[PDB]
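These are the residues of each chain, in order.
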Amino acid sequence: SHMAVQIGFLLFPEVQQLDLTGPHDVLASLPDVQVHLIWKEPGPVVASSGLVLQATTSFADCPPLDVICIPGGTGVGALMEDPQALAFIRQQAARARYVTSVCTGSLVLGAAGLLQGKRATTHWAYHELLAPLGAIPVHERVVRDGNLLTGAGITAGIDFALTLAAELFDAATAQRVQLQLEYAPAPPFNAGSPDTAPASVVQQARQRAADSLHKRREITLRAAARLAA
Amino acid sequence: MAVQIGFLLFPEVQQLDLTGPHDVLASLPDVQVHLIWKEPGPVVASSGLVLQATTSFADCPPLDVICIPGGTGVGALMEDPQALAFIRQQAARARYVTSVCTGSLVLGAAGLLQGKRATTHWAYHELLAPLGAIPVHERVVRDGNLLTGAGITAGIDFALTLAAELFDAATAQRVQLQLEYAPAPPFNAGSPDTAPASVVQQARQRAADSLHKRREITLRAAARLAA
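Residues numbered from 1 in each chain as written, not as in the entry; some residues may be left out. Chains lettered and ligands numbered in written order. Heavy atoms only, no water.

**Side note on the environment of A:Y126**
All names here are of chain A. Along the polypeptide, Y126 turns up in the loop between strand 8 (119-120) and strand 9 (136-137). Taking the C-alpha atoms as reference points, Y126 and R208, separated by 82 residues in sequence, lie 13 Å from one another. Sequence-distant contacts of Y126, defined by excluding residues within four places in its chain, comprise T104, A209, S212, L213 and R216. (Helix = DSSP H or I, 4+ residues; strand = E, 2+ residues; numbered from the N terminus. Contact = heavy atoms within 4.5 Å.)

Listed below in structure tokens is the structure:
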């Protein structure tokens, strides 16, 4: 309808698609929501896995949003230094009811200056990069600070989206969607946190992510310097 | 030698049934993931999200794993002889025949649940027995080379289970940690066992028209298998 809640996700090359698609299917289950996938121009955008998604609107044509949500992925490093994307995020966050992200999408909110003095979370492996962007780093799944909601790594998007659903509507509506999605998780292993995974597994992961972390630390401090100027 | 994993992508799919498992499985070493429909190109999910089929039925390579997701669109597939014939073709030489949520109703219409333990979405579970399944109220059910997951988000638990079978526990744990899959749901309403009675009533009231239409499709599909 013309009175729909307007929810927008940034869709960028090398996005981690589950950061977007998990929340999308949760929030699209709510009454009279319109969901936008936003990029520089409408058309195909390839996620890090090779899954092809389709941007529905340009930055220029996007209506004022009630909710803006930034997903994460390999592609966030480019976004943290993309003045056109950062200007769009700041413009929308001026009037949004909720300013949100999942996983390393909070590093993009950070680069836009929107985490200064705010409680935030991100993916466990990149959590150290929050403080240089002015955030108060919080080790929880879903972190609220006023109208800022951030989710932790990838699958946290589902917990984030149900939290946001209860804020947009009410607990009863969020619980109905939880039941429709049969979201009573029973993971076959207990390796979803660095605190509970086998130490051999946590060490293999930190080994893998090391080169990405050092690269993103330099991008993070260049982004922080621009906020300081 | 690459593990070939194929998802059936159909109009009015419930996209998270596909995209959850896709991001888990595409994280594994030496896999190639296909999104299969009658022709390559755009397929629109039930939410309006546009996905892209990568291959036609004809160009689909022999699959190690076939996976059928669920959604509004399964009713049409349950009476689509091309789709059912294609699923039987691939199930014949696939190492694993798999589904998530109401995708198991499509396996059932194809004749592939006869005498097997299986699950599906809690609201549709009564439709498994007429398609010949032994219905099991568990979130991921394995019967030989058949694995079925329960409703929508069960796809993530299913995919981690399958990852350990294709590779090993250590490989599945690495992917679990990369995905930070340590869920902390903000409510306890994910099961009809634990949700408030008012929430269960409303979820059943919403599903009722779909369930009635699927009771009718199910009994036509069962009568075809019998004849």
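**Topic: the layout of surface pockets**
There is about 900 Å³ of room inside the largest pocket. Lining the largest pocket are 38 residues, with A:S29, A:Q180, B:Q14, B:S46 and B:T72 sitting closest to its centre. Among the elements of the structure, helix 1 (17-27), strand 2 (33-39) and helix 6 (171-180) of chain A together with helix 2 (74-77) and helix 7 (197-226) of chain B are those that each provide at least two residues to the lining of the largest pocket. Ranked by residues supplied to the lining of the largest pocket, first place goes to helix 7 of chain B with seven residues. Looking at side-chain class alone, the lining of the largest pocket contains 16 nonpolar, 16 polar and six charged residues. In this structure, the second largest pocket occupies an estimated 660 Å³ of space. Forming the boundary of the second largest pocket are 25 residues, of which A:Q16, A:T74, A:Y126, A:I154 and B:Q178 lie nearest the centre. (1 Å grid on protein atoms, 1.4 Å probe; cavity = no way out; pocket = protein on both sides within 12 Å on 5 of 7 lines; lining within 4 Å. Points joined across faces, edges and corners; volume = space filled by probe spheres on them. Nonpolar A, V, L, I, M, F, W, Y, C, P; charged D, E, K, R; others polar.)

**Observations regarding helix 7 of chain B**
Along its length, helix 7 of chain B shows its largest kink, about 45 degrees, at B:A208. All of the buried residues in helix 7 of chain B are B:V199, B:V200, B:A203, B:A207, B:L211, B:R214, B:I217, B:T218, B:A221 and B:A222. Structurally, helix 7 of chain B contributes buried residues whose contacts are with helix 6 of chain A together with helix 2 and helix 4 (103-109) of chain B. (Bend = angle between axes of the 7 residues up to and from the residue. Buried < 20%, exposed > 50% of the residue type's maximum accessible area, 1.4 Å probe, protein only.)

**What about the side chain of A:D159?**
When you line up the elements, A:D159 lands in helix 5 (residues 156-168). In this view, A:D159 contacts A:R141, A:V142, A:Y183, B:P183, B:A184, B:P185 and B:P186; residues no more than four positions away in its chain are not counted.

**Digging into the state of the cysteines**
Residues and elements named next belong to chain B. As enumerated under the stated definition, the model contains zero disulfides over all chains in all. With no disulfide partner, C60 has as its closest neighbouring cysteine sulfur the one in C67, 13 Å distant. When its relative accessible area of 9% is taken as the criterion, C60 is described as buried. With no disulfide of its own, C67 has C101 as its nearest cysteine by sulfur position, at a separation of 11 Å. For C67, a relative accessible area of 2% translates into the label buried. (Disulfide = S-S within 2.5 Å.)

**Examining the packing of helix 1 (residues 15-25) of chain B against helix 5 (residues 154-166) of chain B**
Residues and elements named next belong to chain B. Where helix 1 meets helix 5, the axes come as close as 8 Å, and the angle between the chain directions of the two elements is 30 degrees. When the interaxial angle is binned, helix 1 and helix 5 end up roughly parallel. Once helix 1 is placed against helix 5, the crossing between them reads as right-handed. Residues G20, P21, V24 and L25 of helix 1 touch helix 5, and the partners they reach there are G155, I156, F158, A159, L160, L162 and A163. Across the contact of helix 1 with helix 5, the residue classes tally to nine nonpolar, two polar and no charged. (Axes fitted to C-alpha atoms, helices over the stretch in contact; angles between N-to-C directions. Parallel < 35°, antiparallel > 145°, perpendicular 65-115°, else oblique. Left-handed = near helix turned anticlockwise from the far one by under 90°.)

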